[PDB]
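Input: a single structure, listed below in structure tokens.
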Amino acid sequence: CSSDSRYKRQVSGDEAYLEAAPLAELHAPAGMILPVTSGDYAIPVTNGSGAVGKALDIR
Amino acid sequence: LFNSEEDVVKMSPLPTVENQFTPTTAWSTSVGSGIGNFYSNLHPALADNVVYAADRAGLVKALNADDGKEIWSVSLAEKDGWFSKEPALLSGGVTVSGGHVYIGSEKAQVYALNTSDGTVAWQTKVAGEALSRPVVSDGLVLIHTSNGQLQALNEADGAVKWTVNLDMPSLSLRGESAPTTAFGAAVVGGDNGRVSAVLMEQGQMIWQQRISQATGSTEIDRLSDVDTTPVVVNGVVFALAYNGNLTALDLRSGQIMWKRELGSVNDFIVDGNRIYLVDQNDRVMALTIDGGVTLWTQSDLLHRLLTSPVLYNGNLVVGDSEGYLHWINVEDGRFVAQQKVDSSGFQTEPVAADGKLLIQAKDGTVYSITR
Amino acid sequence: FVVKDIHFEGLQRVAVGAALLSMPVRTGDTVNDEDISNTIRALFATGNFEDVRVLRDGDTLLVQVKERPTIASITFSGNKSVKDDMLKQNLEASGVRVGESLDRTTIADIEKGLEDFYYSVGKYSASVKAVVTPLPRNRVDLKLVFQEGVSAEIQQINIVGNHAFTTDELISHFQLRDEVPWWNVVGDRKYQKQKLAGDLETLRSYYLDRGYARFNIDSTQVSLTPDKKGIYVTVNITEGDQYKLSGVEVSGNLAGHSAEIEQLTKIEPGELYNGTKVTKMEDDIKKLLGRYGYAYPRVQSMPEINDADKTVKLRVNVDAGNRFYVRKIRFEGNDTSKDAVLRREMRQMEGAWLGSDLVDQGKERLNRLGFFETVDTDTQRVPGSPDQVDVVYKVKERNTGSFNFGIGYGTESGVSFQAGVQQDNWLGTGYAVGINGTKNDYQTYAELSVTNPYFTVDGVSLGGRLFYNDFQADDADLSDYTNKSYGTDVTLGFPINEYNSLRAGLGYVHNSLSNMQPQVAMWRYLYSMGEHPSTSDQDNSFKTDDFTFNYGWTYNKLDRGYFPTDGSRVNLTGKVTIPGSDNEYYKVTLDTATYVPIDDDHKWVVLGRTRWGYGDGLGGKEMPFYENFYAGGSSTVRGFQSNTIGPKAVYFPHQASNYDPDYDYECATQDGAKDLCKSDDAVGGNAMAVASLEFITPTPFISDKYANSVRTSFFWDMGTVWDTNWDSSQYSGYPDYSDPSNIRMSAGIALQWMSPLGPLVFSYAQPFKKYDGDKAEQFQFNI
Amino acid sequence: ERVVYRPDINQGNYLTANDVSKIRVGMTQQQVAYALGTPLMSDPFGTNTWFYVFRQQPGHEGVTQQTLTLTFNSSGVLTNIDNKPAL
Amino acid sequence: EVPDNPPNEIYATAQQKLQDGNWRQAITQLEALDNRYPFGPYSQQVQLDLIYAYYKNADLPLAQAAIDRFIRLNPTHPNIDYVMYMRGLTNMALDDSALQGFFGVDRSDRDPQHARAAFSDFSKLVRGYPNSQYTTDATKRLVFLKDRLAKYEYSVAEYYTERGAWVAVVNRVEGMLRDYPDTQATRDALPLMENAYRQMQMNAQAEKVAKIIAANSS
């Protein structure tokens, strides 16, 4: 159904994952180093194309 | 709720109620409540004009077989048990040979009661409760219990001569598993679907033929109550498996003369070359002894849970578990008489003795029938 | 012959090539008439082909196939209580289902396999016939009739082979019911072989703690009585002899805890051998080593049965793990909360040796969290690590807070609203936040209640309450019962014991009343206040700034935090006044919540609920008339209306009470009835005895997915409120409540609905015993 | 402040004094790890230093402590057993 | 909702009810073309269209099930990158999403148990199909799919600094270090392990962590 006042767009919802860009990289100083890239959360950011988030095409 | 959570069995009625040779009672001589609704192998015995009858609550009687009056009326209100004067729960039937009313109780005990007074001249423990009437013969008291054991108790004094395992009913596969002594072997079936000869002198398996299966791969139900105990005629073991699979095989070798080894036979007798038998439809059919050639059949008592088809008063007699007695043609299946002397029904095979028909119903206990 | 083409005729789950590769006469291979005969069987070896007719045009094959892919539906009939999915599973065990290829070989594999399924349910008296009903293009339907005769019920187990530890007490640990004649129906006694399997081991533990270390069951043999219900089990057993737990030989890796492990294995040497205590003394050591950091405490008592003196000796072989095991823990399943909200609910601390109790009590705080649905964990070993096990607490959370309201109708008057909402565990914080209040055309009410449950991490629970009631009742003005009440009560929760937990508070009750009702009991307490307010008018004022001290006690012997089923919680809360209060009194109240399962399935559960209170003056004064007890509908005695149960006041001979509105809210005033007029409202008494009697019940049509979150509960709710200081002289021709027996009663059923906003309880209830001044709305809904 | 007594806060992960006697300077990590297992904390930027460090406060009456580090070399051969008492 | 036709008319209903936006209608036709006929030629495209029906109907468990009905039955389509797009995006919204985010109500303190999956399924996109048409959208999600997985570990790292479990601080922070190499909350986790060490009397190790902050200031 719809509102009898026929009004929508009163909220924006959650879309925060759509826009996240890699933050300031950590530079471990020598002798104090920790290997920060052991997990996969050092993201394999690769060369692929298209728009961002969910707005890109869904067949 | 519980009106809907419970369920029921299905049966069929009994057509052709007849009174042509008008059936009466010879005398009605009730003990109490006898075999009960649980299937026990308790059947009374008649000897010396005295129906030595009993019920599982304890009261063992001596019905003087002219009116069935108690010559002695003692109780097997239990003495070893687990409580003094417990009910007897006579799992084995009333055997009377000599001065002992041998009755196997559910305390794995065969009380042998002195037939002059019914007092326990001996009792002897067996292994497990009795699937079999105590077959007292040849110095032995032979029981095939529910654990497959051939317990040989001493006949006149009471002593376990040997207890040997047989065809073993894995559950209490209810039915006459009994050892019958034949040609020197206690030739015995066993309620898991075999038949066998077991040397009667010490309990030595002469042969055992797997006739059919039970509790697996030919699955038998809760209503499955089929004797495998042999009725040996002409040196031929005429017997069944536990699913009713009828067979005819050699007595001391086990070699199959013929078979109906697909059968649904519940009770059976070999009347000459007319093997009168109760199938799982609780119906009478005559089969041959060179085969299972149906000389005649009858379903005029369909799903009326028959006793063994016996001969009395000139007709083929069989009772049921609905209290109907029947007088079948010994040829093709005509009710010549029908007596509903009880309605609780006859968990005993009819003791057609003293020229009468001494029948013990489950709760409408012992009557005697004439026509 | 060599095929140049194959006519593939009808596949519907098979490919053209998948037929072709199944053909040994595939297009290009040789064709022989035996190879044609090798093709009918191998296309039958596809399992999807109902009939296959491999023919040929010389060598060019024409393969006429009838096939049995997708079963378009499967029809169930004759299943009164067994569900179709139970009948679907053994059908699925025979390799057929809807939308899948039928196999006509598996027709009876459904049926007897369902009878073998019927064999397991306490039946065997059952037949099935899988009727293949064909549908278009190849399709089929498995019409399944269910000719189930009758299931079995336990009748009489005949235990054989014991006479020295008699059979009659070995029957004593079973239970069944009787008497279903269609007019006196009680219970059922259905037989289960798996229950019977549990029955025989209960017989084993029956023997084992007596000394019987040679007890054994020889055989077990159930009757095939021809009644198709008769269960009579020939259980040959060997009772054995009694033995004596005569000495402990505790050994192995005691992990440096040799004394306290031996304290767990303290016996009476020569006690009649208790194998259950022997079992108990083993995992006694396991909890000890588990609390001592050993997650793998392999303990093995060997009761070496010393028949030579009819004793046993207890060879205990113990193997703990290594020193620590809690490296870290994980929290999973907290999609609406922070992990620290449940880490403050947990007591096993990382960077320590493992405390097994420290896990479970923290899980028990999670079991009493209420914003959970289950508390489970994954106490997984860090592999290759004798000091590390990581405990992934995968729990399931639950929704937070609930709304409440009490208005009758909106947009029908001025600016007027009734509020009230909960955000306990606020956005995942643990903060018990519930705020109500109402600014209306009769009052302006605000009330706040917040809790910091973890002011410290010891269970120190900083809970504060505020309220401000600008309430005048505004019939025309202040003239009809102003009661401006405001104040606070800030409290602290703390476990002295975590079962026996203490409560205390301080009640600042600043009341500002004017033109109170002319009721006799209303002025009666004000006569005990030292005032003498006017009977003839509502013109009198009452400012009491009561400085009171509250107290209470928590008992916590009940399982869950959101849906309990077994145990009891006792909840004391009382109060007293201090020097400085504007009235010197006390008032004590206590409630309990006992949960007893009727059957031990915990879905038939007695809910023990009662409410009792009492108050009086500390000396020379009275527990105030605004502290009188009430009851009625929308309560634990519901089916009445709100505030209907209690003592009943009487309006004095009354006049224009700063203008009582002209023939409106007539309170014996100048608007008629100028006399000692009976007031049917609940003035309430200084004591209370009311209760609720409800039962948790299963529901067979509401799914037990949520018939265990919908608590269907009938009640016969009764109760009375009375005044131990009631003037039977002031109310001689009126309701007198000096008697404690003023019984009201309303019976009905409440319907709890666990919404996304939590449990929602609605009810209908008819009063079948009432008393003075009860207003009754039989439909009582509680948001 | 004015607190008479508080419920305590504990944190284990420590070697006992028995655990110091099982080990020695020169000992491989694994001979420590056979009797004393793994630490629940080690050195993430330096050599093999097995931190076995205890924390506890006795109810706002000060605070107790037992730091016990095992500075092995890079080969896991133990070079220092630094037992540190209450801070 | 399905007329019993050959599956192409059932596809013809399905693709039109995709264009209707009636996924409720479209799912029924997209399924029951393949239920009574499990040999649809567009079945891999149906398994694309089913997620396109499911995700636009917000049927994220069914969209994940249509992935399995894609991958197990017909992954012959090289829209596995689309499926790896429609998996790392499907586990994304199924982890932690609400209408409360108009003014900033917290959702990263919650369990990222399915955002753990949404990282890896987008990590299967940017690895198994690194040049694909969907790696760029994944990369934008993947950063939140590390950092919300970081900030939850930070949310565990913060409480042990509050509780006093200073070993558990160092276990939380250096794990957050070694997993998340660029998240700022890892630099916010950073002084806790240092301040754990000063409470644990490893101030030499802490000053080393203070040297880490000196070069993670960059």
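Labeling convention for the structure tokens: chains A, B, ... as they appear, residues from 1 per chain, ligands from 1 in order of appearance.
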
Give me, as a PyMOL selection string, all polymer residues having an atom no more than 12 Å from residue 575 (chain C), counting only C-alpha atoms and skipping those fewer than 6 positions away in the same chain. chain C and resi 489+503-508+546-553+584-590+613-618+623+627

Chain D near chain C within 10 Å: what's each residue's closest atom pair and its distance in Å to one decimal, counting only C-alpha atoms, ordered by chain then ascending residue number, as CSV?
residue,atom,partner,partner_atom,distance
D:6,CA,C:458,CA,8.1
D:7,CA,C:458,CA,6.1
D:8,CA,C:458,CA,8.0
D:9,CA,C:458,CA,8.5
D:10,CA,C:349,CA,7.9
D:11,CA,C:352,CA,5.5
D:12,CA,C:352,CA,3.7
D:13,CA,C:352,CA,4.3
D:14,CA,C:352,CA,7.6
D:15,CA,C:323,CA,9.2
D:33,CA,C:386,CA,8.5
D:34,CA,C:386,CA,8.7
D:35,CA,C:322,CA,8.1
D:36,CA,C:323,CA,7.2
D:37,CA,C:386,CA,5.6
D:38,CA,C:387,CA,5.5
D:39,CA,C:387,CA,7.0
D:40,CA,C:327,CA,5.2
D:41,CA,C:351,CA,7.7
D:52,CA,C:351,CA,9.0
D:53,CA,C:351,CA,8.5
D:54,CA,C:352,CA,8.0
D:55,CA,C:352,CA,9.4

Can I get the selection written as an mmCIF file, in the first residue's frame, with C-alpha atoms?
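Once everything was written out, this is out-v6.cif:
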data_model
loop_
_atom_site.group_PDB
_atom_site.id
_atom_site.type_symbol
_atom_site.label_atom_id
_atom_site.label_comp_id
_atom_site.auth_asym_id
_atom_site.auth_seq_id
_atom_site.Cartn_x
_atom_site.Cartn_y
_atom_site.Cartn_z
ATOM 1 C CA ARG D 6 34.937 -3.507 46.111
ATOM 2 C CA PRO D 7 34.571 -6.883 44.365
ATOM 3 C CA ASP D 8 37.900 -7.788 42.797
ATOM 4 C CA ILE D 9 39.037 -7.901 39.166
ATOM 5 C CA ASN D 10 41.470 -10.635 38.125
ATOM 6 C CA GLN D 11 43.529 -11.540 35.069
ATOM 7 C CA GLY D 12 45.722 -14.622 34.842
ATOM 8 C CA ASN D 13 48.142 -15.660 32.052
ATOM 9 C CA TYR D 14 51.204 -16.048 34.224
ATOM 10 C CA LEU D 15 54.020 -18.431 34.980
ATOM 11 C CA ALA D 33 56.272 -25.317 25.630
ATOM 12 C CA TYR D 34 56.222 -28.949 26.754
ATOM 13 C CA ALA D 35 55.701 -27.983 30.391
ATOM 14 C CA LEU D 36 54.460 -24.392 30.238
ATOM 15 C CA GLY D 37 52.787 -24.511 26.822
ATOM 16 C CA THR D 38 52.038 -21.349 24.923
ATOM 17 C CA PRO D 39 51.711 -17.866 26.382
ATOM 18 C CA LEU D 40 48.518 -15.922 25.814
ATOM 19 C CA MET D 41 50.729 -12.963 24.795
ATOM 20 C CA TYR D 52 53.190 -14.492 31.031
ATOM 21 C CA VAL D 53 51.762 -11.491 32.870
ATOM 22 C CA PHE D 54 49.227 -11.503 35.734
ATOM 23 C CA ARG D 55 46.908 -8.704 36.855
#

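Across C:72, C:142, C:415, C:295, the tightest approach to chain E is made by C:72 when counting only C-alpha atoms.
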
Nearby residues (only C-alpha atoms) at most 6 Å from region 140-147 of chain E, same-chain spacing under 5 positions excluded, as number ranges by chain: A: 17-22, 41; E: 115, 119, 183

Neighbours of residue 151 (chain E) within 9 Å (only C-alpha atoms; same-chain residues fewer than 2 positions away dropped), as a ChimeraX atom specification? /E:108-109,146-149,153-157,176,183,185-186

Just want the 10 Å neighbourhood of region 48-51 of chain D, counted on only C-alpha atoms, with same-chain residues fewer than 4 positions away dropped. Output as a ChimeraX atom specification. /D:13-15,29,32,38-44,67-82 /E:167,200,202

Go ahead and save the picked residues with N, CA and C atoms, as a tab-separated table (two decimals), in the first residue's frame.
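Just written: selection19.tsv:
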chain	number	residue	atom	x	y	z
D	13	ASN	N	47.07	-15.57	33.05
D	13	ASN	CA	48.14	-15.66	32.05
D	13	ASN	C	49.50	-15.36	32.69
D	14	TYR	N	49.94	-16.27	33.54
D	14	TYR	CA	51.20	-16.05	34.22
D	14	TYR	C	51.91	-17.37	34.42
D	15	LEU	N	53.22	-17.31	34.52
D	15	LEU	CA	54.02	-18.43	34.98
D	15	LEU	C	54.11	-18.36	36.49
D	29	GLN	N	62.46	-22.75	23.28
D	29	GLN	CA	61.04	-22.44	23.45
D	29	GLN	C	60.19	-23.69	23.65
D	32	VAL	N	60.24	-25.27	27.02
D	32	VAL	CA	59.29	-24.50	27.80
D	32	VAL	C	57.87	-24.88	27.41
D	38	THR	N	51.97	-22.61	25.63
D	38	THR	CA	52.04	-21.35	24.92
D	38	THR	C	51.69	-20.21	25.87
D	39	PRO	N	52.23	-19.02	25.66
D	39	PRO	CA	51.71	-17.87	26.38
D	39	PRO	C	50.43	-17.39	25.74
D	40	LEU	N	49.66	-16.56	26.44
D	40	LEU	CA	48.52	-15.92	25.81
D	40	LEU	C	48.89	-14.53	25.31
D	41	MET	N	50.19	-14.23	25.26
D	41	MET	CA	50.73	-12.96	24.80
D	41	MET	C	52.23	-13.12	24.57
D	42	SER	N	52.71	-12.64	23.42
D	42	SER	CA	54.15	-12.67	23.15
D	42	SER	C	54.60	-11.37	22.50
D	43	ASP	N	55.87	-11.31	22.07
D	43	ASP	CA	56.43	-10.07	21.53
D	43	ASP	C	56.13	-9.99	20.04
D	44	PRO	N	55.32	-9.04	19.59
D	44	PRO	CA	54.94	-8.98	18.17
D	44	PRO	C	55.85	-8.14	17.29
D	67	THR	N	54.16	-9.91	36.30
D	67	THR	CA	54.73	-9.99	34.96
D	67	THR	C	55.83	-11.04	34.99
D	68	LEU	N	55.83	-11.96	34.04
D	68	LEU	CA	56.90	-12.95	33.93
D	68	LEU	C	57.15	-13.21	32.45
D	69	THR	N	58.16	-12.56	31.89
D	69	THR	CA	58.44	-12.65	30.47
D	69	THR	C	59.55	-13.67	30.24
D	70	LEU	N	59.54	-14.30	29.07
D	70	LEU	CA	60.55	-15.29	28.70
D	70	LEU	C	61.22	-14.81	27.43
D	71	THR	N	62.28	-14.03	27.57
D	71	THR	CA	62.98	-13.53	26.39
D	71	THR	C	63.92	-14.61	25.87
D	72	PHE	N	63.44	-15.40	24.92
D	72	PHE	CA	64.28	-16.29	24.14
D	72	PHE	C	64.97	-15.47	23.07
D	73	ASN	N	65.97	-16.06	22.43
D	73	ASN	CA	66.54	-15.42	21.26
D	73	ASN	C	65.66	-15.75	20.05
D	74	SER	N	66.15	-15.40	18.86
D	74	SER	CA	65.46	-15.73	17.61
D	74	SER	C	65.35	-17.23	17.38
D	75	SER	N	66.29	-18.01	17.89
D	75	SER	CA	66.27	-19.46	17.77
D	75	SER	C	65.35	-20.12	18.79
D	76	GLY	N	64.67	-19.34	19.62
D	76	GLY	CA	63.86	-19.91	20.67
D	76	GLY	C	64.64	-20.36	21.88
D	77	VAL	N	65.96	-20.28	21.85
D	77	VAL	CA	66.80	-20.59	23.00
D	77	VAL	C	66.65	-19.48	24.02
D	78	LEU	N	66.33	-19.85	25.26
D	78	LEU	CA	65.97	-18.86	26.27
D	78	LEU	C	67.19	-18.07	26.71
D	79	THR	N	67.01	-16.76	26.80
D	79	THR	CA	68.08	-15.86	27.19
D	79	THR	C	67.76	-15.06	28.44
D	80	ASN	N	66.48	-14.96	28.81
D	80	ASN	CA	66.08	-14.15	29.96
D	80	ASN	C	64.72	-14.61	30.46
D	81	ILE	N	64.63	-14.86	31.76
D	81	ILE	CA	63.36	-15.15	32.43
D	81	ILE	C	63.12	-13.97	33.37
D	82	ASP	N	62.39	-12.96	32.90
D	82	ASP	CA	62.20	-11.72	33.65
D	82	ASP	C	60.93	-11.81	34.48
E	167	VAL	N	46.20	-8.27	28.62
E	167	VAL	CA	46.63	-9.29	27.67
E	167	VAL	C	45.67	-9.34	26.50
E	200	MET	N	50.75	-3.63	32.16
E	200	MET	CA	51.37	-4.93	32.31
E	200	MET	C	52.87	-4.85	32.51
E	202	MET	N	55.19	-3.66	30.58
E	202	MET	CA	55.97	-3.77	29.36
E	202	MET	C	56.10	-2.43	28.65

Contact residues around region 48-57 of chain A with only C-alpha atoms at 9 Å, ignoring same-chain residues under 5 positions, as a ChimeraX atom specification: /A:15,17-19 /E:89,126,129-141

When DSSP works through the backbone of this structure, what residues of region 172-354 of chain B end up as strand (DSSP E or B), shown as a PyMOL selection string? chain B and resi 172+179-182+185-188+194-199+204-210+231-233+236-240+246-250+256-260+267-268+271+274-278+284-287+296-298+310-312+315-319+325-328+335-339+351

Distance cut-off 10 Å, counting only C-alpha atoms - which residues of chain D neighbour chain A? Return them as a PDB file with C-alpha atoms, in the first residue's frame.
ATOM      1  CA  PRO D  44      54.937  -8.981  18.170  1.00  0.00           C
ATOM      2  CA  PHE D  45      57.806  -6.737  17.040  1.00  0.00           C
ATOM      3  CA  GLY D  46      60.959  -8.058  18.729  1.00  0.00           C
ATOM      4  CA  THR D  47      62.543 -11.384  19.610  1.00  0.00           C
TER       5      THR D  47
END

Do a neighbour search on region 205-212 of chain B at 10 Å with only C-alpha atoms, toss out local chain neighbours closer than 6 positions, and write the hits as a compact mmCIF listing (two decimals) with N, CA, C and O atoms, in the first residue's frame.
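What ended up in result_23.txt:
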# COMPACT_ATOMS: atom_id res chain seq x y z
N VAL B 164 18.84 -75.39 26.47
CA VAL B 164 19.62 -75.13 25.26
C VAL B 164 18.86 -74.15 24.39
O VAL B 164 17.63 -74.16 24.36
N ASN B 165 19.59 -73.28 23.71
CA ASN B 165 18.97 -72.29 22.84
C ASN B 165 18.54 -72.94 21.54
O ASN B 165 19.15 -73.91 21.08
N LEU B 166 17.48 -72.40 20.94
CA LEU B 166 16.91 -72.87 19.68
C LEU B 166 16.85 -71.69 18.73
O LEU B 166 17.63 -70.74 18.88
N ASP B 167 16.02 -71.80 17.69
CA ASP B 167 15.47 -70.63 17.02
C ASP B 167 14.99 -69.66 18.09
O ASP B 167 14.08 -69.97 18.87
N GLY B 184 12.86 -89.41 18.60
CA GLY B 184 14.06 -89.19 19.38
C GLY B 184 14.55 -87.76 19.38
O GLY B 184 15.53 -87.46 20.07
N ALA B 185 13.93 -86.88 18.61
CA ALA B 185 14.25 -85.47 18.64
C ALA B 185 13.05 -84.67 19.12
O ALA B 185 11.92 -84.94 18.71
N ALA B 186 13.30 -83.69 19.98
CA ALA B 186 12.30 -82.70 20.30
C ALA B 186 12.19 -81.77 19.10
O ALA B 186 12.84 -80.72 19.06
N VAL B 187 11.40 -82.18 18.12
CA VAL B 187 11.31 -81.53 16.82
C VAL B 187 10.50 -80.25 17.01
O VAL B 187 9.33 -80.30 17.40
N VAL B 188 11.14 -79.12 16.75
CA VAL B 188 10.68 -77.83 17.25
C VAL B 188 10.84 -76.79 16.15
O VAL B 188 11.78 -76.83 15.36
N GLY B 189 9.91 -75.85 16.10
CA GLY B 189 10.00 -74.79 15.14
C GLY B 189 10.79 -73.66 15.76
O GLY B 189 12.02 -73.71 15.80
N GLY B 190 10.09 -72.65 16.24
CA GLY B 190 10.77 -71.52 16.82
C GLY B 190 10.20 -70.26 16.22
O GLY B 190 10.17 -70.11 15.00
N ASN B 192 10.85 -67.46 15.08
CA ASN B 192 11.52 -66.45 14.27
C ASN B 192 11.49 -66.96 12.83
O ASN B 192 12.03 -66.33 11.92
N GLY B 193 10.86 -68.12 12.63
CA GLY B 193 10.57 -68.59 11.29
C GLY B 193 11.28 -69.83 10.83
O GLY B 193 11.27 -70.12 9.63
N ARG B 194 11.92 -70.59 11.71
CA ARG B 194 12.53 -71.84 11.30
C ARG B 194 11.69 -73.02 11.74
O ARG B 194 10.66 -72.89 12.40
N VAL B 195 12.17 -74.20 11.36
CA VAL B 195 11.73 -75.45 11.96
C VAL B 195 12.97 -76.32 12.07
O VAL B 195 13.96 -76.13 11.35
N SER B 196 12.95 -77.27 13.00
CA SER B 196 14.17 -77.95 13.41
C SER B 196 13.84 -79.24 14.13
O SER B 196 12.76 -79.40 14.70
N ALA B 197 14.78 -80.17 14.10
CA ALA B 197 14.76 -81.31 15.00
C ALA B 197 15.92 -81.15 15.97
O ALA B 197 17.04 -80.84 15.56
N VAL B 198 15.63 -81.35 17.25
CA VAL B 198 16.60 -81.19 18.32
C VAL B 198 16.52 -82.44 19.18
O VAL B 198 15.47 -82.69 19.78
N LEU B 199 17.61 -83.22 19.23
CA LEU B 199 17.65 -84.55 19.84
C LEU B 199 17.15 -84.58 21.27
O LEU B 199 17.77 -84.00 22.17
N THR B 218 11.19 -60.19 5.85
CA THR B 218 9.78 -60.51 5.65
C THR B 218 9.11 -60.08 6.94
O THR B 218 8.93 -60.89 7.86
N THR B 228 5.11 -72.15 15.08
CA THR B 228 6.04 -72.88 14.24
C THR B 228 6.20 -74.31 14.73
O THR B 228 6.92 -75.08 14.10
N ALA B 239 4.67 -78.07 9.27
CA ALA B 239 4.83 -76.95 10.19
C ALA B 239 4.84 -75.65 9.40
O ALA B 239 4.66 -75.63 8.18
N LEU B 240 5.05 -74.56 10.13
CA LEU B 240 5.04 -73.22 9.56
C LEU B 240 6.30 -72.46 9.95
O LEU B 240 6.97 -72.80 10.92
N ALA B 241 6.60 -71.43 9.18
CA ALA B 241 7.46 -70.38 9.70
C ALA B 241 6.61 -69.40 10.49
O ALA B 241 5.40 -69.55 10.62
N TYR B 242 7.26 -68.36 11.02
CA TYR B 242 6.55 -67.43 11.87
C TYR B 242 5.65 -66.48 11.07
O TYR B 242 4.70 -65.93 11.63
N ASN B 243 5.92 -66.29 9.78
CA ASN B 243 4.97 -65.51 8.98
C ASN B 243 3.82 -66.36 8.47
O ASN B 243 2.92 -65.83 7.80
N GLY B 244 3.81 -67.66 8.77
CA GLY B 244 2.73 -68.53 8.38
C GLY B 244 3.11 -69.42 7.23
O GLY B 244 2.27 -70.13 6.66
N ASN B 245 4.39 -69.38 6.86
CA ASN B 245 4.88 -70.06 5.67
C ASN B 245 4.90 -71.57 5.89
O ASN B 245 5.82 -72.11 6.50
N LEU B 246 3.87 -72.24 5.38
CA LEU B 246 3.62 -73.65 5.63
C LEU B 246 4.63 -74.51 4.87
O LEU B 246 4.99 -74.19 3.74
N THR B 247 5.08 -75.59 5.49
CA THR B 247 6.03 -76.46 4.84
C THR B 247 5.77 -77.90 5.25
O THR B 247 5.19 -78.17 6.30
N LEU B 249 8.25 -81.29 5.47
CA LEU B 249 9.65 -81.64 5.36
C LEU B 249 9.92 -82.84 6.23
O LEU B 249 9.13 -83.19 7.11
N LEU B 251 11.44 -85.59 8.88
CA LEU B 251 11.36 -85.43 10.32
C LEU B 251 12.74 -85.32 10.95
O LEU B 251 12.99 -84.44 11.78
N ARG B 252 13.66 -86.20 10.57
CA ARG B 252 14.98 -86.22 11.16
C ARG B 252 16.08 -85.84 10.18
O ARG B 252 17.26 -86.04 10.48
N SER B 253 15.72 -85.28 9.03
CA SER B 253 16.68 -84.67 8.12
C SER B 253 16.27 -83.27 7.68
O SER B 253 17.13 -82.44 7.41
N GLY B 254 14.97 -82.99 7.62
CA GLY B 254 14.49 -81.68 7.25
C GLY B 254 14.33 -81.46 5.76
O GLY B 254 14.39 -80.30 5.32
N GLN B 255 14.15 -82.51 4.98
CA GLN B 255 14.10 -82.37 3.54
C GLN B 255 12.66 -82.15 3.07
O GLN B 255 11.79 -82.98 3.35
N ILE B 256 12.46 -81.06 2.34
CA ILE B 256 11.13 -80.52 2.08
C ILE B 256 10.35 -81.44 1.15
O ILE B 256 10.73 -81.62 -0.01
N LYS B 259 5.78 -77.55 0.08
CA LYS B 259 5.74 -76.33 0.87
C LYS B 259 4.59 -75.46 0.39
O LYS B 259 4.17 -75.51 -0.77
N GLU B 261 5.38 -72.27 1.37
CA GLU B 261 6.27 -71.41 2.15
C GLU B 261 6.21 -69.96 1.66
O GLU B 261 7.21 -69.32 1.33
N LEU B 262 4.98 -69.45 1.63
CA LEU B 262 4.62 -68.07 1.37
C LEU B 262 3.45 -67.75 2.28
O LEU B 262 2.94 -66.62 2.30
N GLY B 263 3.03 -68.76 3.05
CA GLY B 263 1.71 -68.81 3.64
C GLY B 263 1.46 -67.78 4.71
O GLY B 263 2.36 -67.14 5.26

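Take CA of residue 734 (chain C) and CA of residue 628 (chain C): the distance between them is 18.4 Å.
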
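The chain C residues that come within 8 Å of chain E are residues 12, 13, 70, 71, 72, 99, 328, 331, 332, 333, 334, 335, 336, 337, 338, 339, 340, 343, 349, 350, 351, 427 and 457 of chain C, with only C-alpha atoms taken into account.
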
Give the alpha helix (DSSP H) residues of region 31-95 of chain E, as DSSP finds them on the backbone, and put them as an MDAnalysis selection string. chainID E and resid 31:35 43:54 60:71 80:88 90:95

Between CA of residue 69 (chain C) and CA of residue 19 (chain C), distance in Å (one decimal): 13.6 Å

Should the cut-off be 10 Å, what would the residue list for chain C against chain B look like, counting only C-alpha atoms, as a ChimeraX atom specification? /C:80-81,112,115-116,119,123-126,148-153,155-156,158-169,180-183,185-190,218-237
